[PDB]
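Structure data (CSV, C-alpha atoms (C1' of nucleotides)) from query.csv:
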```
chain,number,residue,atom,x,y,z
A,18,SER,CA,-20.6,-15.0,-33.7
A,19,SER,CA,-22.9,-12.3,-35.0
A,20,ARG,CA,-25.9,-14.7,-35.4
A,21,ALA,CA,-25.5,-16.2,-31.9
A,22,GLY,CA,-24.9,-12.8,-30.2
A,23,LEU,CA,-21.5,-13.9,-28.7
A,24,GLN,CA,-18.1,-12.1,-28.6
A,25,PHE,CA,-16.1,-15.3,-28.7
A,26,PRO,CA,-15.3,-16.7,-32.2
A,27,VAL,CA,-17.5,-19.5,-33.5
A,28,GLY,CA,-15.6,-20.4,-36.7
A,29,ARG,CA,-12.3,-20.6,-34.7
A,30,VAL,CA,-13.8,-22.8,-32.1
A,31,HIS,CA,-15.3,-25.1,-34.8
A,32,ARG,CA,-11.9,-25.3,-36.6
A,33,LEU,CA,-10.2,-26.1,-33.3
A,34,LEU,CA,-12.7,-28.8,-32.5
A,35,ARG,CA,-12.3,-30.3,-36.0
A,36,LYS,CA,-8.5,-30.3,-35.9
A,37,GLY,CA,-8.2,-31.5,-32.3
A,38,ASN,CA,-9.1,-35.1,-33.3
A,39,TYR,CA,-12.0,-35.4,-30.9
A,40,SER,CA,-14.7,-36.9,-33.2
A,41,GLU,CA,-15.3,-37.8,-36.8
A,42,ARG,CA,-18.1,-35.2,-37.3
A,43,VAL,CA,-18.8,-31.9,-35.5
A,44,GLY,CA,-22.3,-30.4,-35.4
A,45,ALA,CA,-23.2,-26.7,-35.8
A,46,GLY,CA,-24.5,-26.2,-32.2
A,47,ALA,CA,-21.5,-27.6,-30.3
A,48,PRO,CA,-19.1,-24.8,-31.2
A,49,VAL,CA,-21.7,-22.2,-30.4
A,50,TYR,CA,-22.4,-23.8,-27.0
A,51,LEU,CA,-18.7,-24.1,-26.2
A,52,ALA,CA,-18.1,-20.5,-27.2
A,53,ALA,CA,-21.0,-19.3,-25.1
A,54,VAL,CA,-19.8,-21.3,-22.1
A,55,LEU,CA,-16.3,-19.9,-22.5
A,56,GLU,CA,-17.6,-16.3,-22.9
A,57,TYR,CA,-19.8,-16.7,-19.8
A,58,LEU,CA,-16.8,-18.0,-17.7
A,59,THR,CA,-14.5,-15.3,-19.0
A,60,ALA,CA,-17.2,-12.6,-18.2
A,61,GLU,CA,-17.7,-13.9,-14.7
A,62,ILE,CA,-13.9,-14.1,-14.0
A,63,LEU,CA,-13.3,-10.6,-15.5
A,64,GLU,CA,-16.2,-9.1,-13.5
A,65,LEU,CA,-14.8,-10.6,-10.3
A,66,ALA,CA,-11.3,-9.4,-11.1
A,67,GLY,CA,-12.6,-5.9,-11.9
A,68,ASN,CA,-14.5,-5.9,-8.5
A,69,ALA,CA,-11.3,-7.0,-6.7
A,70,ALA,CA,-9.3,-4.3,-8.5
A,71,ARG,CA,-11.8,-1.6,-7.6
A,72,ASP,CA,-11.6,-2.8,-4.0
A,73,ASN,CA,-7.8,-2.1,-4.2
A,74,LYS,CA,-8.1,1.3,-6.1
A,75,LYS,CA,-6.6,-0.2,-9.3
A,76,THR,CA,-7.6,0.4,-12.9
A,77,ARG,CA,-5.7,-2.5,-14.5
A,78,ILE,CA,-6.3,-6.2,-13.8
A,79,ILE,CA,-3.2,-7.8,-12.4
A,80,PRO,CA,-2.6,-11.5,-11.6
A,81,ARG,CA,-3.2,-10.7,-7.9
A,82,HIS,CA,-6.7,-9.5,-8.8
A,83,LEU,CA,-7.4,-12.7,-10.7
A,84,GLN,CA,-6.1,-14.8,-7.7
A,85,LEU,CA,-8.2,-12.8,-5.3
A,86,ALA,CA,-11.2,-13.3,-7.6
A,87,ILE,CA,-10.7,-17.0,-8.0
A,88,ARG,CA,-9.9,-17.9,-4.4
A,89,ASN,CA,-12.7,-15.9,-2.9
A,90,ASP,CA,-15.3,-17.5,-5.1
A,91,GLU,CA,-16.3,-21.0,-3.9
A,92,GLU,CA,-17.4,-22.3,-7.3
A,93,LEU,CA,-14.4,-20.8,-9.1
A,94,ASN,CA,-12.0,-22.3,-6.5
A,95,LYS,CA,-13.7,-25.7,-6.9
A,96,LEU,CA,-13.4,-25.6,-10.7
A,97,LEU,CA,-9.8,-24.4,-10.5
A,98,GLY,CA,-8.6,-26.4,-7.5
A,99,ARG,CA,-5.5,-27.9,-9.1
A,100,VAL,CA,-4.8,-24.6,-11.0
A,101,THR,CA,-1.8,-22.5,-10.2
A,102,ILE,CA,-1.9,-18.7,-11.1
A,103,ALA,CA,1.5,-17.2,-11.7
A,104,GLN,CA,2.3,-14.0,-9.7
A,105,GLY,CA,-1.1,-14.3,-7.9
A,106,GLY,CA,0.0,-15.1,-4.4
A,107,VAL,CA,-2.3,-16.5,-1.8
A,108,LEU,CA,-5.1,-15.2,0.5
A,109,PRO,CA,-4.1,-13.2,3.6
A,110,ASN,CA,-5.3,-16.0,6.0
A,111,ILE,CA,-3.8,-16.1,9.5
A,112,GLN,CA,-4.8,-18.8,12.0
A,113,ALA,CA,-6.3,-17.8,15.4
A,114,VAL,CA,-3.9,-19.8,17.4
A,115,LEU,CA,-0.9,-17.8,16.0
A,116,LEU,CA,-2.3,-14.5,17.2
A,117,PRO,CA,-0.9,-13.0,20.4
A,118,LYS,CA,-3.0,-14.3,23.4
B,1,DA,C1',-3.9,2.9,33.0
B,2,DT,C1',0.0,5.6,30.4
B,3,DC,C1',4.0,7.2,27.4
B,4,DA,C1',8.4,6.6,24.1
B,5,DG,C1',9.4,4.3,20.4
B,6,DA,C1',10.4,2.5,15.8
B,7,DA,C1',7.3,0.5,12.0
B,8,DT,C1',3.4,1.5,8.5
B,9,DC,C1',0.0,4.1,5.2
B,10,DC,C1',-1.2,8.2,2.3
B,11,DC,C1',0.0,12.3,-0.1
B,12,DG,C1',3.1,16.2,-3.6
B,13,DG,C1',5.7,14.6,-7.8
B,14,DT,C1',7.3,12.5,-12.0
B,15,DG,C1',8.2,10.5,-16.0
B,16,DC,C1',8.6,6.3,-19.0
B,17,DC,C1',8.1,2.0,-21.0
B,18,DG,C1',4.0,-0.6,-21.0
B,19,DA,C1',-0.9,0.0,-22.2
B,20,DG,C1',-3.9,1.9,-25.9
B,21,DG,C1',-5.5,3.6,-30.6
B,22,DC,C1',-5.0,3.5,-36.1
B,23,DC,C1',-3.4,1.4,-41.6
B,24,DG,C1',-2.5,-2.3,-45.3
B,25,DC,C1',-3.6,-6.8,-46.7
B,26,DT,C1',-4.6,-11.3,-47.1
B,27,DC,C1',-5.6,-15.8,-45.5
B,28,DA,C1',-9.3,-17.5,-43.0
B,29,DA,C1',-14.4,-16.9,-42.7
B,30,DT,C1',-18.8,-16.6,-45.8
B,31,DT,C1',-21.9,-17.7,-49.8
B,32,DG,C1',-23.8,-21.1,-53.2
B,33,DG,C1',-24.2,-25.9,-54.9
B,34,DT,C1',-23.8,-31.0,-55.3
B,35,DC,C1',-23.4,-35.9,-52.7
B,36,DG,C1',-24.8,-38.9,-48.6
B,37,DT,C1',-24.4,-41.3,-44.7
B,38,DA,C1',-25.1,-41.2,-39.7
B,39,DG,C1',-29.1,-39.6,-37.2
B,40,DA,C1',-34.2,-39.4,-36.0
B,41,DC,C1',-38.5,-42.4,-35.7
B,42,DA,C1',-41.6,-46.7,-35.6
B,43,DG,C1',-42.0,-51.5,-34.4
B,44,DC,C1',-41.2,-56.7,-31.3
B,45,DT,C1',-39.5,-58.4,-27.7
B,46,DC,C1',-38.1,-60.5,-23.2
B,47,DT,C1',-35.1,-59.9,-19.8
B,48,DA,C1',-34.2,-57.1,-16.2
B,49,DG,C1',-36.0,-54.4,-12.6
B,50,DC,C1',-39.6,-53.9,-8.8
B,51,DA,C1',-42.9,-55.0,-5.0
B,52,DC,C1',-44.2,-58.5,-1.4
B,53,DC,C1',-44.5,-62.8,1.5
B,54,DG,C1',-42.4,-67.2,4.7
B,55,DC,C1',-39.0,-68.5,7.8
B,56,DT,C1',-34.5,-67.6,10.1
B,57,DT,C1',-30.9,-65.3,13.1
B,58,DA,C1',-26.7,-62.8,14.2
B,59,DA,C1',-26.5,-57.8,14.7
B,60,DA,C1',-27.7,-53.6,17.4
B,61,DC,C1',-29.4,-51.2,21.6
B,62,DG,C1',-30.0,-50.5,26.9
B,63,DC,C1',-27.9,-52.1,31.4
B,64,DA,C1',-23.5,-52.5,35.3
B,65,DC,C1',-18.9,-50.8,36.9
B,66,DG,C1',-14.7,-48.9,37.0
B,67,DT,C1',-10.3,-47.1,34.4
B,68,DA,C1',-7.1,-45.5,31.6
B,69,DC,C1',-6.6,-42.7,28.0
B,70,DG,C1',-7.9,-37.4,28.0
B,71,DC,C1',-6.8,-33.2,29.6
B,72,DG,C1',-5.5,-28.9,33.1
B,73,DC,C1',-1.3,-27.6,35.7
B,74,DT,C1',3.5,-27.7,37.1
B,75,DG,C1',9.5,-27.7,36.9
B,76,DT,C1',13.1,-27.2,33.5
B,77,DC,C1',16.2,-25.6,30.2
B,78,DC,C1',16.6,-25.0,25.4
B,79,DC,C1',17.1,-23.3,20.8
B,80,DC,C1',15.1,-20.4,18.2
B,81,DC,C1',13.9,-14.5,18.3
B,82,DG,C1',16.4,-10.8,17.3
B,83,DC,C1',20.6,-7.2,16.8
B,84,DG,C1',25.9,-6.2,15.4
B,85,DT,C1',30.0,-7.5,12.2
B,86,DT,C1',31.7,-8.2,7.3
B,87,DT,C1',31.9,-11.5,3.8
B,88,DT,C1',31.1,-14.3,-0.4
B,89,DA,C1',28.0,-14.0,-4.8
B,90,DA,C1',30.0,-11.7,-8.3
B,91,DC,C1',31.6,-7.0,-10.6
B,92,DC,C1',35.5,-3.5,-12.8
B,93,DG,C1',42.2,-0.6,-13.5
B,94,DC,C1',47.4,-0.6,-13.6
B,95,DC,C1',52.0,-4.4,-14.1
B,96,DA,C1',56.2,-6.2,-17.5
B,97,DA,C1',54.8,-10.6,-21.1
B,98,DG,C1',56.1,-8.6,-27.2
B,99,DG,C1',54.9,-6.5,-32.5
B,100,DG,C1',57.3,-2.9,-34.5
B,101,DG,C1',59.8,2.7,-37.3
B,102,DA,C1',64.6,4.1,-36.4
B,103,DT,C1',71.1,3.6,-37.9
B,104,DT,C1',75.7,3.0,-39.1
B,105,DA,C1',78.2,11.5,-39.3
B,106,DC,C1',79.2,15.3,-43.3
B,107,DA,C1',80.9,17.0,-48.8
B,108,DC,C1',83.2,15.1,-53.5
B,109,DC,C1',84.8,11.3,-57.6
B,110,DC,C1',85.1,6.9,-60.7
B,111,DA,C1',82.2,2.6,-63.5
B,112,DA,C1',77.4,0.3,-65.9
B,113,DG,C1',71.2,-0.7,-66.9
B,114,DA,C1',66.4,1.3,-68.3
```
Show me the file's structure as structure tokens.
Amino acid sequence: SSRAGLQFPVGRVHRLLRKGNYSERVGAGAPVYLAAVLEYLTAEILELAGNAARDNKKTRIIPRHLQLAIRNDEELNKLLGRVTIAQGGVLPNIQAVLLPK
DNA sequence: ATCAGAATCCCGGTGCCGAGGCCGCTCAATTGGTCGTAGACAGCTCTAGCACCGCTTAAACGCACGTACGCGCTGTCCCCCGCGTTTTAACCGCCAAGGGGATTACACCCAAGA
């Protein structure tokens, strides 16, 4: 992790890939790549959640912040389409035909 | 246009259990070395993909006319929209079923074992 400049563990990812019964041999660049991708995804999600929390005057990330960060982003909603977030709720979307005319 | 009215958001205020910081190891991560096979690279090939022509024809577009599905407007009465009353989902103290100490007054005498 220190040689690749990543916060996610490289040895743990390598051990998980070796014990997960995915392939006979595992290279040295695949765990680094997977850890980097996971770290980038986590960083994007956490930044969006922190922005949503700052928009609500909150200092702690709650599942509602994660839901608002995932649903507002198009790519994050496409990647997590069939993903359900517990205690996250939904978006405050009201149809125009239901408003008082 | 205009007001009275219940419903909603932000601020003193507070404290507490969840969020956050620190210590000891020890089992997983790291270093160093010896096998070693799956991976990278060069070579032959012919089959598979690609571009183009000859002859053919049913498919696709413009024309003609109305109409019936498409859609605005109307008469109705309906069954949800919404408030008032407890109640049903559980939460919270005294009866009449029994288990036990206590008694057979008071004072005196005789006989026979450890």
Closest of A:37, A:78, A:61, A:51 to chain B - atom-to-atom distances counting all atoms listed in the file: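 Using all atoms listed in the file, chain B sits closest to A:78.
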Closest contacts (chain B/chain A, max 12 Å, all atoms listed in the file) as a Markdown table:
```
| residue | atom | partner | partner_atom | distance |
| --- | --- | --- | --- | --- |
| B:18 | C1' | A:77 | CA | 11.8 |
| B:19 | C1' | A:77 | CA | 9.4 |
| B:28 | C1' | A:29 | CA | 9.4 |
| B:29 | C1' | A:28 | CA | 7.0 |
| B:30 | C1' | A:28 | CA | 10.4 |
| B:37 | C1' | A:42 | CA | 11.5 |
| B:38 | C1' | A:42 | CA | 9.5 |
| B:39 | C1' | A:44 | CA | 11.6 |
```
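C1' of residue 35 (chain B) is found 17.9 Å from CA of residue 41 (chain A).
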Expected residue set, 12 Å radius at (1.8, -16.9, -16.4), all atoms listed in the file, as a PyMOL selection string: chain A and resi 79-81+83-84+100-105
Two-atom distance - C1' of residue 23 (chain B), CA of residue 30 (chain A) (Å):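 CA of residue 30 (chain A) lies at a distance of 28.0 Å from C1' of residue 23 (chain B).
Distances to residue 107 (chain A) were evaluated for A:74, A:85, A:22, A:63 using only C-alpha atoms, and the minimum falls at A:85.
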Atom pair CA of residue 31 (chain A) / CA of residue 48 (chain A): separation (Å):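 Here the two named atoms are 5.2 Å from each other.
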